[PDB]
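Going down the list, the sequences are from chains B and E.
By the authors' numbering, the letter at position 188 of the first sequence is numbered 190, and the numbering carries on one by one without gaps.
By the authors' numbering, the letter at position 139 of the second sequence is numbered 141, and the numbering carries on one by one without gaps.
First the structure, in the form of structure tokens, and then the observations on it.
Number of protein chains: 2
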Amino acid sequence: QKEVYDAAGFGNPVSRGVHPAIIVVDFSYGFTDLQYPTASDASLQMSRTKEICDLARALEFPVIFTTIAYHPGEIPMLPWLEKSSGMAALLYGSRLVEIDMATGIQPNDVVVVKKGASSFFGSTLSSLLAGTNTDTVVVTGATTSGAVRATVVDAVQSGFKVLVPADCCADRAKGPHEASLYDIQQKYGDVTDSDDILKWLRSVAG
Amino acid sequence: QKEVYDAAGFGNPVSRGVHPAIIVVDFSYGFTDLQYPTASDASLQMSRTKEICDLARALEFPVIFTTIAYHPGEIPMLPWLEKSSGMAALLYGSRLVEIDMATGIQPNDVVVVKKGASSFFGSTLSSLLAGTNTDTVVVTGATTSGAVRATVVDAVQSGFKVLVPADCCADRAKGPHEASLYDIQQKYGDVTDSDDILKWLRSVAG
């Protein structure tokens, strides 16, 4: 398998740019608080993302959070909600939608609302990144086999280099988790840890 | 794991609509002809996609083929080509970008050229689908864990119900293949076989 992917030209390292942005994907209570059946254990990974975000905010790099939120009228309109009926609980005005405070989200941090898995689809994220002259995005969040991968794929397609720290990704199952990190490492971006991005961000700032 | 995914609201069946369309993703020679390192065995899946496409074309349902092709100038402009370097061989005018004749492409079938994994990103696919009043898409092609998965996700996000026959999906490795078929069945669409879609297509035309 390793030989198959290497000959097909997968797994090459990405050369990092000099205008980073951090994207925090769906670290809302709906996905991080175990009282809701749609959530995973994200305690460790949220504290890792907190360190990254607190660094980037101090270094004046854009930090953008994303959440899934619906109006009651949108439920029958979106066929994704037929397949994943649990996402229908993610309603405007509810606690499920609010970003988890364990991330260290600051009032001036941009939150983008989305209706699908990918953070770029039907959202303003791409424009925010292009307007700030971003060349590299570090993707963090939940879930790794869900919204994270979908965001990762859409980010590379959109013209941005993708770094993903494994420290920072949470899923509800180990299998899907490893499969996505594998696919990303081969096809879409560099998989690393938080320790690498902390050092890298400091060196790009001077 | 099954209980975790059931509580989260995943795994539900999609109620199929009445305006079908077939999307054939990257069944070009670059992914089907084994003389190339980017390719994988797609013999059986092509002859089953041929069966589906013939029926749909006869019933006058939209049949759409998608392929990846690049201008030589586009190569340095796209960060995905840095990650998946082998995709840079897919140039305009080469044999790798031509749709494999084993699928039975007819001169009236639409070919959409794309620059990424997803058939929807930066392409007219959504406009074609919506313009023909499509409600349900059957997604086929290669690779399962690459462009197929990405197209499936985008299809649901774009407002279309999704059916993927495992019969018509080829990948370079079994692991990634099963892992994407798992995620699709839980989150994005119904994984079925070619025998079911053929039967289903006839009943909608009745």
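The C-beta atom is built at its ideal place from N, Cα and C for all residues, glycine as well.
- Contact note: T40 of chain B reaches chain E through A10 and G11, using a C-beta cutoff of 7 Å and chain order.
- Residues are counted here when their Cβ sits less than 9 Å from a Cβ of chain B; for the stretch 77-96 of chain E these are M79, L80, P81, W82, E84, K85, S86, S87, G88, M89, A90 and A91, given in chain order.
- At a cut-off of 8 Å, the C-beta of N14 of chain B has a neighbouring C-beta in chain E.
- Here DSSP, grouped into helix, strand and coil, assigns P109 of chain B to coil.
- With respect to the C-alpha of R50 of chain E, the residue from E:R204, E:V115 and E:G143 having the closest C-alpha is E:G143.
- For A119 of chain B, the C-beta contacts it makes with chain E under 9 Å involve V155, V158, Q159, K189 and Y190, in order along the chain.
- Within the stretch 60-126 of chain B, the runs of alpha helix (DSSP H) that reach at least 4 residues and sit entirely inside it are, in chain order, 82-85.
- Here the stretch 61-68 of chain E lies against the stretch 128-135 of chain E, with 3 or more beta-carbon pairs under 8 Å apart.
- For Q37 of chain B, not one C-beta of chain E is nearer than 8 Å to its own C-beta.
- Per DSSP, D192 of chain E is not a residue of any alpha helix (DSSP H); the beta strand (DSSP E) it occupies stretches across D192 to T194.
- The alpha-carbon of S42 of chain B is positioned some 44 Å away from that of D111 of chain E.
- Legend: CB atoms of the stretch 119-142 of chain E lying less than 8 Å from CB atoms of chain B belong to residues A119, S120, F123 and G124.
- With three or more CB-CB distances shorter than 8 Å, the stretch 112-127 of chain E counts as touching the stretch 151-163 of chain E.
- Contact residues of the stretch 166-179 of chain E toward chain B are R174, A175, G177 and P178 (C-beta to C-beta distance below 8 Å).
- Per DSSP, reduced to three states, the secondary structure at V150 of chain E is helical.
- Classified as exposed, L36 of chain B has fewer than 16 neighbouring CB atoms from the shown chains inside 10 Å of its CB.
- Bounds of the alpha helix (DSSP H) holding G32 of chain B are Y31 to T34.
- The continuous beta strand (DSSP E) containing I24 of chain B extends over residues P22 to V27.
- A104 of chain E has a beta carbon lying at 8 Å or more from every beta carbon in chain B.
- Between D185 of chain E and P167 of chain E, the gap from beta carbon to beta carbon reaches 8 Å or more.
- With fewer than 16 neighbouring CB atoms inside 10 Å of its own CB, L46 of chain E falls in the exposed class.
- Note that the C-beta distance between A181 of chain B and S205 of chain B is not below 8 Å.
- Pairing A104 of chain E with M89 of chain E, the inter-Cα distance amounts to about 22 Å.
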